[PDB]
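To keep things clear, I will list the structure first and then write my remarks on it.
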Amino acid sequence: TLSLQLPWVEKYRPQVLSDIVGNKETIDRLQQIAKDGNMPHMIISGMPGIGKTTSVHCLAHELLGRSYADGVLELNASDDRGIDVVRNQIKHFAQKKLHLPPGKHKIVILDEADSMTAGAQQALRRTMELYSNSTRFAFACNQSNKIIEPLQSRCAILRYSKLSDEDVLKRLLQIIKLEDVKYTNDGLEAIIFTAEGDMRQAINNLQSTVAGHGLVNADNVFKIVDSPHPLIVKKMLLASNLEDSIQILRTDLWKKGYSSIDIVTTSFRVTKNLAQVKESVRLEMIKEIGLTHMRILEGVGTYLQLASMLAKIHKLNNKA
Amino acid sequence: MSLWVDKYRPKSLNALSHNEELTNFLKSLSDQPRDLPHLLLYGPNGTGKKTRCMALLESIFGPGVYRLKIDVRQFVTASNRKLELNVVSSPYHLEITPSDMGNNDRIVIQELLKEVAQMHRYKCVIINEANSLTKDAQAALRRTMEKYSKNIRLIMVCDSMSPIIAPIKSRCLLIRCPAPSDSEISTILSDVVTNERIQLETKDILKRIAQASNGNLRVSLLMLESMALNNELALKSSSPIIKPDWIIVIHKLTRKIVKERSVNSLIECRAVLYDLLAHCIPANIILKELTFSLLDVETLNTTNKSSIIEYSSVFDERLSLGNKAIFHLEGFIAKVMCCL
Amino acid sequence: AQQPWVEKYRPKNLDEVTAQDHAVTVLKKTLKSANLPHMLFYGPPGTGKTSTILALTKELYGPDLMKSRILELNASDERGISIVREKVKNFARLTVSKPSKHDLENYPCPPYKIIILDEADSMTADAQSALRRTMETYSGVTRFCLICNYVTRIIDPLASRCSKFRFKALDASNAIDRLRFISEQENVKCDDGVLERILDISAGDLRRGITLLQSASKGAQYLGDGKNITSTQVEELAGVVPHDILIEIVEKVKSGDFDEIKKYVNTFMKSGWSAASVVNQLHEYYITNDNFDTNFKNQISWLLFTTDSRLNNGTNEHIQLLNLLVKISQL
Amino acid sequence: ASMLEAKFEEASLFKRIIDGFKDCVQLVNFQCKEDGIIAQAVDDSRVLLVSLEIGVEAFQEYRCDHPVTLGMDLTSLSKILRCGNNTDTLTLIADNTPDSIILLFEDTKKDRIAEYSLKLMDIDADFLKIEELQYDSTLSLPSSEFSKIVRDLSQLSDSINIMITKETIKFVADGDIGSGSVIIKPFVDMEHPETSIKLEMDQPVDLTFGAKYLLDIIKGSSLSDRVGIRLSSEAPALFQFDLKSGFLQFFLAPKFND
Amino acid sequence: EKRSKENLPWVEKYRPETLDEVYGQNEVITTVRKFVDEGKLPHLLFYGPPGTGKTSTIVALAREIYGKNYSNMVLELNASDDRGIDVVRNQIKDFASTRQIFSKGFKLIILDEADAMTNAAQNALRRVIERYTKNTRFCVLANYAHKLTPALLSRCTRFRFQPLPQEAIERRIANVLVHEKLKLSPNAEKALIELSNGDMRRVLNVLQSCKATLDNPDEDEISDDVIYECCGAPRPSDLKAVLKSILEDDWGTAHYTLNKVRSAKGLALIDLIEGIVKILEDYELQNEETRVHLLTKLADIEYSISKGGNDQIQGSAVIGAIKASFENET
Amino acid sequence: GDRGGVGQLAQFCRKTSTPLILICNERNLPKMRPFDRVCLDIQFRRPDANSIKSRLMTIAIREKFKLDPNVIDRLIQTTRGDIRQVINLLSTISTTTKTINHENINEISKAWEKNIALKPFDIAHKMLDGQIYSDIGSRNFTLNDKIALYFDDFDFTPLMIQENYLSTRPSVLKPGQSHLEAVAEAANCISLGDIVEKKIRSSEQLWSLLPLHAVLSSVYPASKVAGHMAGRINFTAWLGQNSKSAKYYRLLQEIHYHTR
DNA sequence: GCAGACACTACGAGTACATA
DNA sequence: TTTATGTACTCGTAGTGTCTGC
Ligand SMILES: Nc1ncnc2c1ncn2[C@@H]1O[C@H](COP(=O)(O)OP(=O)(O)OP(O)(O)=S)[C@@H](O)[C@H]1O
Ligand SMILES: Nc1ncnc2c1ncn2[C@@H]1O[C@H](COP(=O)(O)OP(=O)(O)OP(O)(O)=S)[C@@H](O)[C@H]1O
Ligand SMILES: Nc1ncnc2c1ncn2[C@@H]1O[C@H](COP(=O)(O)OP(=O)(O)OP(O)(O)=S)[C@@H](O)[C@H]1O
Ligand SMILES: Nc1ncnc2c1ncn2[C@@H]1O[C@H](COP(=O)(O)OP(=O)(O)O)[C@@H](O)[C@H]1O
Ligand SMILES: [Mg+2]
Ligand SMILES: [Mg+2]
Ligand SMILES: [Mg+2]
């Protein structure tokens with residue numbers, strides 16, 4: 001069995017708060033907390049892959065360089081995050097006597113706290129209210145709606161935002177300077193367009209393209225990763241001249257092996273997030289796509305159901 | 001019992017003179033009990049399907065089939081939800097009804113037929129109101145009735161057998177029970193009034209009962225009893241026709257919809273509909289009666305009547321595919337007032 | 001015997017299965033070999049899926065090994081995800097039963113056991129997804145045989161793995177020999193066209209045809225006149241609407257006058273006729289007639305189809321029939 | 001005559017072997033040949049392997065004409081073994097192309113013969129032979145002492161680090177609530193040779209193991225009074241429990257270190 | 001299994017045991033081979049329609065990476081097996097944590113049909129993927145990508161298994177006939193391609209059933225008649241005749257022709273309707289409204305057919321829908 | 001819930017020899033029902049801006065960070081009177097920039113909006129507003145925002161829309177469309193969404209249709225009857241009439257068992 | 001040695017959520 | 001009093017096995 005090279009996702013994982021590129025105000029605030037020391041309870045939320053847990057880990061490393069292995073607790077959904085284990089472990093950690101530097105506090109990191117049970121969060125509320133001058137919590141969830149209201153009340157909400165293409169380009173050029181590779185600007189633009197703000201997706205696509213071909217060119221990138229289905233579905237829905245939408249479907253979704261359920265769900269999401277057309281036409285289109293979704297889920301999954309959904313959408317578009 | 005509908009009931013096929021061809025067919029079935037297929041009697045409600053079933057059972061098994069014993073049984077469902085349904089058992093046969101909660105009747109019908117299937121030679125099973133079974137329960141009943149045939153036989157009673165699934169209708173011998181004619185209702189009511197003591201002078205009142213019942217023997221007998229006790233056992237040729245309060249309020253709602261078309265009238269109709277649904281009347285019959293009362297108004301034009309019946313069909317389909325039973329009626333009334 | 005003619009005349013071997021020549025031939029040629037694949041029997045009710053699978057079971061093993069090498073699961077027992085995950089997997093993992101010496105002499109017992117799953121369309125999606133890899137993995141020792149009336153309820157991976165054997169509907173051309181054999185064996189006298197009418201009334205439902213024939217024979221025995229069955233008797237027993245009432249319905253429809261149609265529909269619903277047969281006869285009278293142009297038939301086909309689709313989902317027959325007759329009247 | 005005829009003296013024996021790896025393994029198979037009833041199975045998590053061999057010496061009378069494979073569910077087998085007394089004598093009976101075995105519980109003290117049948121199973125796991133023969137450290141310590149050490153160190157943490165030095169055996173179990181360090185040195189007890197501990201150190205060994213699987217290992221300490229651990233880097237640990245005729249050797253995969 | 005091969009269905013008697021034998025998928029197979037030869041193997045995600053060769057590809061890949069003992073060197077967790085978050089927290093955790101027991105190489109975890117997992121299980125699994133990715137690789141097979149958490153898609157590299165083209169199915173058919181000593185006709189081969197619909201399992205099933213149909217497996221060939229009789233599929237000539245009668249002739253003759261075609265070989269209405277839809281796609285239609293009417297009415301027709309009902313009324317509805325849609329000046 | 005300690009606390013309230021004080025968030029839980037009147041009903045409200053203003057002036061004096069007297073109203077109204085998050089907000093802002101004015105107040109507000117899950121009355125009140133369905137309102141309050149608003153209380157929102165989808169004076173009427181026509185259009189989609197809800201809560205349990213149920217039950221029916229209201233939001237009356245209907249059913253099967 | 005006293009895994013029943 | 005399977009969590013429960021000491 002051959003050995004495996006470390007993936008570029010964590011082979012170039014940042015270790016300093018200056019390495020991560022993104023929301024400049026957020027990173028400056030994190031650096032200020034790093035220099036000062038008095039870290040408040042924070043709830044970091046945002047889209048996947050935009051550098052949430054890496055910032056928390058870098059901040060904890062900078063704050064507890066010498067006592068990271070002793071005064072930092074890391075829990076996630078992979079651990080038994082239930083009321084008994086949360087109670088016992090968090091209360092044992094929050095009362096443990098560890099002589100940190102005067103500005104440094106214990107940090108309890110809870111990755112992906114969105115999937116955490118309500119009673120465990122209720123216990124965490126009381127634990128945070130008791131032990132706050134010795135330990136400081138730190139959540140990192142994709143959506144902050146799952147976390148109960150009192151936990152957000154006693155924390156400091158800090159939301160991330162999707163990275164602009166400039167920051168993804170800067171990081172990609174930094175990694176390309178770190179490891180030698182031949183690239184074309186068209187290939188990098190294609191990778192950035194495919195990533196859609198997801199830095200981890202960009203790194204995975206770049207690594208896959210380099211391993212598959214060795215040259216980061218537009219054709220190689222489009223061979224490794226296909227065009228995203230939301231874009232082709234949006235092109236299908238927005239286009240008039242029903243025959244054109246029918247052939248777009250039959251060419252780019254049916255013969256490319258996309259399941260009918262996936263096409264219908266993607267159409268629902270696209271027409272929900274669509275902004276070019278007015279509200280009433282979006283509502284009708286959602287109604288028709290939902291009727292087709294009901295038909296598909298009942299079991300009648302064929303090309304003709306999708307064609308009929310497109311036909312009803314186009315009859316709506318031409319205003320009968 | 002004080003009611004005249006129940007204790008004036010035939011007990012054998014000989015006493016049944018309502019339909020000669022149906023009685024002859026039942027006698028043909030009862031001649032050889034050894035080879036008896038599964039029955040499914042369908043037709044309009046209240047014509048006496050259960051009377052035919054019990055008469056056939058007595059003609060096959062013998063007497064004592066009317067010695068019904070009320071036996072109670074216990075059932076286990078999901079979580080702690082416990083349902084208690086009493087089975088109306090009897091010698092030589094058994095009766096079961098979907099009186100339990102609609103969503104969970106599959107387990108009950110399943111373990112009753114499995115238990116009775118273990119122990120002339122066979123034991124008949126009568127399922128009253130079979131059109132109310134959920135489609136999964138009928139699917140379970142299919143293989144249960146197909147596997148065991150030497151031990152169990154099903155006489156399945158239902159009106160408007162459309163909700164019955166196709167395989168059940170395939171393995172069930174279908175028997176049609178037509179509604180009583182006006183002459184038959186008049187003859188039965190004449191027999192009842194002759195056996196009892198009511199000061200009756202004109203046959204016109206009996207025919208008016210027959211017309212007002214719409215081929216419903218049970219409703220006709222209830223009407224006769226009601227206005228017989230009201231009229232001090234002396235029927236008058238100009239006696240007003242008494243109708244159930246549900247009919248009266250449905251007609252009042254119909255007149256309210258016809259005379260005014262306003263949103264305040266719509267919220268009043270919502271209140272009335274909620275009251276009627278709380279009064280335990282199935283939404284299908286409510287929609288049917290409301291539609292047939294709307295179509296009887298002479299003020300409405302033919303195009304409005306066609307639109308009303310089309311929307312009535314659409315919302316009847318929605319009611320058959322719904323679980324709230326009030327949203328569909330409210331939508332139907334809104335569409336009707338928009339049309340009017 | 002003491003059984004209805006449906007159970008009494010159920011096929012025993014695969015030779016008695018009338019029509020369905022493709023599936024029966026494939027199974028009979030598979031009997032000599034041991035290459036039985038995962039089967040997916042489907043078709044209209046009464047076509048003979050259960051009879052075929054039981055005959056194949058009797059032919060492969062014999063009445064001794066059926067109880068030991070066959071597992072059947074109907075809707076009579078629960079078929080959720082847990083039972084499929086535990087009982088079906090446990091049965092599949094088990095080694096095949098030990099044949100007796102007599103069975104090895106007489107029957108060609110294959111080195112596998114058949115897991116019949118009647119009404120597989122009633123399973124949930126999760127149960128079928130759990131069944132997929134169990135079907136694909138332990139297939140060397142067991143064979144699955146799904147039976148369902150609707151393929152669409154089955155998810156597409158199971159449709160991919162299971163070999164599909166569509167069971168054709170039996171009509172007056174395919175199943176006339178079976179009804180003739182039943183009539184000759186049970187000594188039932190009938191006219192030349194009685195059996196054709198019986199098979200025409202049913203729609204691929206030979207079981208219903210057998211029940212109708214048995215009921216007609218019982219009526220003839222009760223009469224005791226020794227007279228051959230006529231088409232009118234079977235027509236009346238089957239629930240078939242007489243043609244005079246259909247002609248009256250058409251006359252009312254052609255004349256308009258919505259109130260008259262409503263009154264006649266109320267009387268018709270009093271008569272107790274099933275709406276499905278009425279719609280079927282209206283279709284057979286209107287489409288085959290030559291007194292109507294192309295546009296009338298084009299509209300009335302859609303009207304009848306919509307009424308049939310609405311009647312399939314339960315609903316009140318009175319309102320659906322009235323609406324259908326009103327829309328046809330306005331044509 | 002049944003082709004497989006294996007007789008057990010002191011039928012509590014086979015129950016002890018079955019209970020040795022009932023908890024860790026759920027599905028086994030028994031390649032019964034003329035040499036003896038061997039077995040080998042891998043857990044669902046593919047971490048711990050259980051090899052087994054029972055020689056002809058442990059059987060009163062053993063006769064196996066052809067190689068037999070008996071894929072089994074260990075839960076049902078252990079339940080069947082629990083359906084008897086240690087006084088009774090157990091017998092495994094299988095015919096040609098077996099569908100199930102026959103287990104007999106006979107005793108001449110009182111005629112109460114009980115015949116149980118357990119359904120077989122098609123595991124279809126061909127596995128492979130052991131291809132590990134060279135080990136750095138070969139140590140043998142009493143089973144009771146090792147089981148006790150594992151038991152009181154599994155409560156502190158989930159990882160038990162076994163370190164081998166020059167005549168020094170160290171168990172480190174650092175965890176959330178504290179730490180642990182059990183240091184045991186070789187000594188030869190002349191009075192009780194069974195309580196002696198031996199060490200044979202070639203190359204230094206530093207391996208960590210999971211707590212739950214090590215508890216599953218020590219659950220077999222009732223089978224034999226002494227266990228011989230044979231550690232080596234880039235090699236699974238070999239915990240061998242000797243029998244009167246064969247052995248019950250386990251293979252445990254050390255956790256990764258990064 | 002039992003009694004070796006030759007007692008297995010042709011679906012699994014012909015299973016790819018080598019990455020060279022996997023036909024149809026060229027870019028995917030070549031990229032995977034380059035991945036494993038170069039030494040870098042990212043978290044693979046195989047997505048495609050059933051029968052394309054996803055699990056066959058991953059099993060052949062595991063066999064090539066490890067050897068003949070790949071069965072116990074990998075952890076394949078199916079929907080048939082329990083895959084709750086307890087399984088993710090225990091079995092996947094300690095299989096990724098521990099070292100290999102039989103070799104020195106990495107650990108491969110094959111989450112076959114992973115779309116049928118709880119969202120909590122995927123959430124717990126994403127941290128296992130991200131933590132032990134230094135020396136353990138996850139492969140995810142998913143028929144539907146909408147049932148997967150977007151984070152789980154983010155961790156894994158997207159690979160798409162396209163429907164099988166004509167050449168792959170023709171080559172596999174040729175190999176099947178070579179091994180079975182069976183003869184085929186080119187027209188029958190084309191019919192098999194049309195019945196495939198990008199699913200080789202269907203082709204293998206139809207070939208097995210057609211060989212069973214033949215009275216003599218040797219000295220005989222499978223023509224179109226055998227294929228269409230055993231599959232119960234409409235012939236192109238019958239579909240063309242039915243469509244011509246519907247589009248040109250009047251109601252009585254068209255109805256008689258459709259009824260005769262259905263009753264000649266017991267043709268199902270659903271397959272005839274699908275054939276009509278496929279033929280009507282090639283038609284050039286000047287009016288857009290005709291397309292809308294055809295698609296909507298026909299879709300309602302198969303929905304009602306799937307719900308069941310009367311076949312005569314549905315056939316008349318098909319005829320009426322086609323005629324009324326083509327009536328408005330094509 | 002049942003056997004979860006609430007009945008035990010009711011017993012404690014019934015019989016205690018020492019003062020008993022309970023602290024919770026809000027009373028509209030069906031779990032919180034057994035404390036209807038057995039316990040005292042003192043309630044706290046959102047503190048006034050003047051007391052918070054004085055407290056935060058003292059805080060600004062103590063922590064030597066600049067705090068304008070006018071940005072504090074916006075800081076309070078963004079946080080919805082939650083004083084603890086207000087103090088945390090000023091702390092984390094003053095960590096790197098201790099001076100706040102009109103320049104940064106909009107950024108601070110958009111970055112530290114409280115985002116409370118809305119009360120079942122509030123979902124209906126916001127959804128029935130005609131401003132959000134206008135051209136300007138659609139841009140500011142997108143369709144995804146309305147879907148999230150439904151999913152805030154997806155259990156009670158479909159009903160709460162329905163009991164008062166006709167008690168609103170319309171403001172989004174199409175030219176030539178009467179109010180009754182809009183009400184009928186809304187009722188048609190309520191009926192359509194009823195089927196989707198039944199299919200979700202059935203044997204199959206197809207729970208991927210919830211976003212469909214959002215549009216079919218709350219978004220579209222409220223998109224035709226939006227505008228200012230005739231009265232205050234009426235609570236779901238379907239629950240009480242459903243209870244009364246269930247009791248009437250139970251009585252009818254009871255008298256049916258007795259009459260045989 | 002026997003009977004308890006303990007901690008232990010295991011089973012049963014009930015609440016809660018289910019698309020971003 | 002509502003939904004109606006499957007999943008996950010949480011609890012108290014009853015057996016089950018092991019160590020102390022009369
Ligand atoms: N601002 C950034 N600068 C540099 N690398 C980044 C940045 N954001 C993300 N990355 C890269 O993304 C990977 C880390 O992503 P994560 O922070 O683990 O994703 P995440 O924010 O935790 O989102 P989820 O919810 O866990 S999927 C590493 O490969 C980083 O190099
Ligand atoms: N091809 C056939 N040849 C002979 N008898 C048949 C045939 N098909 C059906 N039958 C008769 O129909 C009855 C058995 O029907 P089944 O085999 O149960 O049909 P089915 O496929 O099971 O339909 P279901 O399961 O109820 S939907 C017996 O009376 C058989 O004689
Ligand atoms: N590219 C291919 N080359 C050769 N045979 C193939 C190919 N793709 C599929 N097959 C055949 O199809 C059979 C089943 O396909 P599998 O690969 O096992 O399942 P799958 O294609 O992954 O579909 P699902 O989603 O798992 S049901 C295999 O045993 C092969 O005989
Ligand atoms: N031949 C008959 N002569 C007199 N009354 C009859 C006859 N057949 C039926 N009935 C009446 O029908 C009533 C019973 O109807 P029932 O069986 O409840 O109808 P359903 O079966 O539709 O509920 C009895 O009160 C009885 O008087
Ligand atoms: Mg993270
Ligand atoms: Mg069947
Ligand atoms: Mg697969």
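Following the order of the structure tokens, first chain is A, next is B, and so on, with residues numbered from 1 inside each chain and ligands from 1 in the order they appear.
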
Residue hits in chain G, query chain E, radius 12 Å, only C-alpha atoms (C1' of nucleotides), as a list in words: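 So the residues of chain G near chain E are residues 17, 18, 19 and 20 of chain G.
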
What does the list of residues within 6 Å of ligand 3 look like if you count only C-alpha atoms (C1' of nucleotides) and all ligand atoms, written as a tab-separated table (two decimals) with N, CA and C atoms, in the first residue's frame?
```
chain	number	residue	atom	x	y	z
C	157	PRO	N	-32.99	1.99	-7.69
C	157	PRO	CA	-31.94	0.96	-7.55
C	157	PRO	C	-32.48	-0.45	-7.48
E	11	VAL	N	-26.01	-10.34	-13.50
E	11	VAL	CA	-25.74	-9.01	-12.93
E	11	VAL	C	-24.45	-9.03	-12.13
E	12	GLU	N	-24.25	-10.06	-11.31
E	12	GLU	CA	-23.11	-10.15	-10.42
E	12	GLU	C	-22.12	-11.24	-10.79
E	14	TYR	N	-20.84	-11.14	-13.66
E	14	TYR	CA	-19.95	-10.26	-14.41
E	14	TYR	C	-19.83	-8.96	-13.62
E	15	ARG	N	-18.91	-8.94	-12.67
E	15	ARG	CA	-18.64	-7.78	-11.86
E	15	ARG	C	-17.19	-7.35	-12.07
E	16	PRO	N	-16.92	-6.07	-12.29
E	16	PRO	CA	-15.54	-5.63	-12.55
E	16	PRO	C	-14.65	-5.84	-11.34
E	22	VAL	N	-13.69	-1.74	-16.04
E	22	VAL	CA	-14.79	-0.79	-15.88
E	22	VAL	C	-14.88	0.05	-17.15
E	23	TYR	N	-15.89	-0.21	-17.98
E	23	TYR	CA	-16.07	0.50	-19.23
E	23	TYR	C	-16.94	1.74	-19.03
E	24	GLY	N	-17.01	2.58	-20.05
E	24	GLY	CA	-17.86	3.77	-20.00
E	24	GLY	C	-17.30	4.96	-19.29
E	25	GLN	N	-16.77	4.76	-18.09
E	25	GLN	CA	-16.18	5.84	-17.31
E	25	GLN	C	-14.70	5.90	-17.64
E	50	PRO	N	-28.00	4.83	-11.09
E	50	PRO	CA	-27.74	3.42	-10.79
E	50	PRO	C	-27.25	2.66	-12.01
E	51	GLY	N	-26.39	1.68	-11.77
E	51	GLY	CA	-25.85	0.85	-12.82
E	51	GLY	C	-24.68	1.43	-13.57
E	52	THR	N	-24.21	2.62	-13.20
E	52	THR	CA	-23.10	3.23	-13.92
E	52	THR	C	-21.76	2.60	-13.56
E	53	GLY	N	-21.62	2.05	-12.36
E	53	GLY	CA	-20.38	1.41	-11.98
E	53	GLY	C	-19.64	2.07	-10.84
E	54	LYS	N	-20.38	2.66	-9.90
E	54	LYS	CA	-19.74	3.39	-8.80
E	54	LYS	C	-19.13	2.43	-7.79
E	55	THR	N	-19.96	1.56	-7.20
E	55	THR	CA	-19.44	0.64	-6.20
E	55	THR	C	-18.50	-0.39	-6.82
E	56	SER	N	-18.72	-0.75	-8.08
E	56	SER	CA	-17.76	-1.61	-8.77
E	56	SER	C	-16.40	-0.92	-8.89
E	143	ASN	N	-26.28	8.29	-4.66
E	143	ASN	CA	-27.13	8.39	-5.84
E	143	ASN	C	-27.75	9.78	-5.94
E	200	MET	N	-26.39	-0.70	-17.18
E	200	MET	CA	-25.89	-1.97	-17.68
E	200	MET	C	-26.55	-3.16	-16.98
E	201	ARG	N	-27.06	-2.95	-15.77
E	201	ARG	CA	-27.78	-4.02	-15.07
E	201	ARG	C	-29.01	-4.45	-15.85
```

Selection within 8 Å of ligand 5 by only C-alpha atoms (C1' of nucleotides) and all ligand atoms, output as a list in words: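 Based on only C-alpha atoms (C1' of nucleotides) and all ligand atoms, ligand 5 is surrounded within 8 Å by residues 48, 49, 51, 52, 53, 54, 111, 112, 140 and 141 of chain A; 127 of chain E.
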
Those of segment 4-245 of chain B in DSSP strand (DSSP E or B), formatted as JSON, numbers by chain: {"B": [39, 40, 41, 42, 69, 70, 71, 72, 73, 74, 75, 76, 82, 83, 84, 85, 86, 87, 88, 89, 90, 93, 94, 95, 96, 123, 124, 125, 126, 127, 152, 153, 154, 155, 156, 157, 173, 174, 175, 176]}

Residues near residue 169 of chain D, cut-off 7 Å, only C-alpha atoms (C1' of nucleotides), skip fewer than 6 positions along chain, as a PyMOL selection string: chain D and resi 163+183-185

Based on the selection just made, write C-alpha atoms of those residues as a CSV table (one decimal), in the first residue's frame.
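Dumped to again-v7.csv:
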```
chain,number,residue,atom,x,y,z
D,163,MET,CA,6.1,1.4,27.4
D,183,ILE,CA,5.5,0.5,36.9
D,184,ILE,CA,6.1,-3.2,37.4
D,185,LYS,CA,9.5,-4.8,37.3
```

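Excluding residue 15 of chain B itself and same-chain residues fewer than 6 positions from it, the residues having an atom within 10 Å of it are residues 9, 23 and 55 of chain B, counting only C-alpha atoms (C1' of nucleotides).
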
Give me, as a CSV table (one decimal) with N, CA and C atoms, in the first residue's frame, all polymer residues having an atom no more than 10 Å from residue 207 of chain E, counting only C-alpha atoms (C1' of nucleotides) and skipping those fewer than 2 positions away in the same chain.
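Written output follows (around_26.csv):
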```csv
chain,number,residue,atom,x,y,z
E,10,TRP,N,-26.4,-13.0,-14.0
E,10,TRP,CA,-25.5,-12.3,-14.8
E,10,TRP,C,-25.2,-10.9,-14.4
E,11,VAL,N,-26.0,-10.3,-13.5
E,11,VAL,CA,-25.7,-9.0,-12.9
E,11,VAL,C,-24.4,-9.0,-12.1
E,173,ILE,N,-21.4,-6.3,-23.8
E,173,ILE,CA,-22.3,-7.3,-24.4
E,173,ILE,C,-21.4,-8.3,-25.2
E,176,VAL,N,-19.8,-10.6,-22.8
E,176,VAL,CA,-20.8,-11.5,-22.2
E,176,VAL,C,-21.1,-12.7,-23.2
E,177,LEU,N,-21.3,-12.3,-24.5
E,177,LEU,CA,-21.5,-13.4,-25.5
E,177,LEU,C,-20.3,-14.2,-25.7
E,182,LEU,N,-22.8,-17.4,-26.9
E,182,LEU,CA,-24.1,-17.1,-27.4
E,182,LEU,C,-24.0,-16.0,-28.5
E,184,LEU,N,-25.6,-13.0,-31.1
E,184,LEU,CA,-26.6,-11.9,-31.1
E,184,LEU,C,-26.6,-11.2,-32.5
E,192,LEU,N,-31.1,-3.5,-27.5
E,192,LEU,CA,-30.5,-3.6,-26.1
E,192,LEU,C,-30.0,-2.2,-25.7
E,201,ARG,N,-27.1,-3.0,-15.8
E,201,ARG,CA,-27.8,-4.0,-15.1
E,201,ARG,C,-29.0,-4.5,-15.9
E,202,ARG,N,-29.7,-3.5,-16.4
E,202,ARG,CA,-30.9,-3.8,-17.3
E,202,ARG,C,-30.5,-4.7,-18.5
E,203,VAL,N,-29.3,-4.3,-19.1
E,203,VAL,CA,-28.8,-5.1,-20.2
E,203,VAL,C,-28.5,-6.5,-19.8
E,204,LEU,N,-27.8,-6.7,-18.7
E,204,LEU,CA,-27.5,-8.0,-18.3
E,204,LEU,C,-28.7,-8.8,-17.9
E,205,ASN,N,-29.7,-8.2,-17.3
E,205,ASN,CA,-30.9,-8.9,-17.0
E,205,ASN,C,-31.7,-9.3,-18.2
E,209,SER,N,-32.5,-13.2,-19.5
E,209,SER,CA,-33.8,-13.6,-19.7
E,209,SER,C,-34.0,-14.0,-21.2
E,210,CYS,N,-33.3,-13.4,-22.1
E,210,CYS,CA,-33.4,-13.7,-23.5
E,210,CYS,C,-32.7,-15.1,-23.9
E,211,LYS,N,-31.6,-15.3,-23.2
E,211,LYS,CA,-31.0,-16.6,-23.4
E,211,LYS,C,-31.9,-17.7,-22.8
E,212,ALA,N,-32.5,-17.4,-21.6
E,212,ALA,CA,-33.5,-18.4,-21.1
E,212,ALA,C,-34.7,-18.6,-22.0
E,213,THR,N,-35.1,-17.5,-22.8
E,213,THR,CA,-36.2,-17.6,-23.7
E,213,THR,C,-35.9,-18.6,-24.8
E,222,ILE,N,-30.3,-14.3,-31.2
E,222,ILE,CA,-31.4,-13.4,-30.6
E,222,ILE,C,-31.6,-12.3,-31.6
E,227,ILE,N,-35.9,-10.1,-28.2
E,227,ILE,CA,-35.7,-9.0,-27.2
E,227,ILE,C,-37.0,-8.4,-26.9
E,230,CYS,N,-39.4,-10.9,-24.8
E,230,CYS,CA,-38.9,-11.1,-23.5
E,230,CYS,C,-39.0,-9.9,-22.6
E,231,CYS,N,-38.6,-8.7,-23.1
E,231,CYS,CA,-38.7,-7.5,-22.4
E,231,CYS,C,-40.1,-7.0,-22.3
```
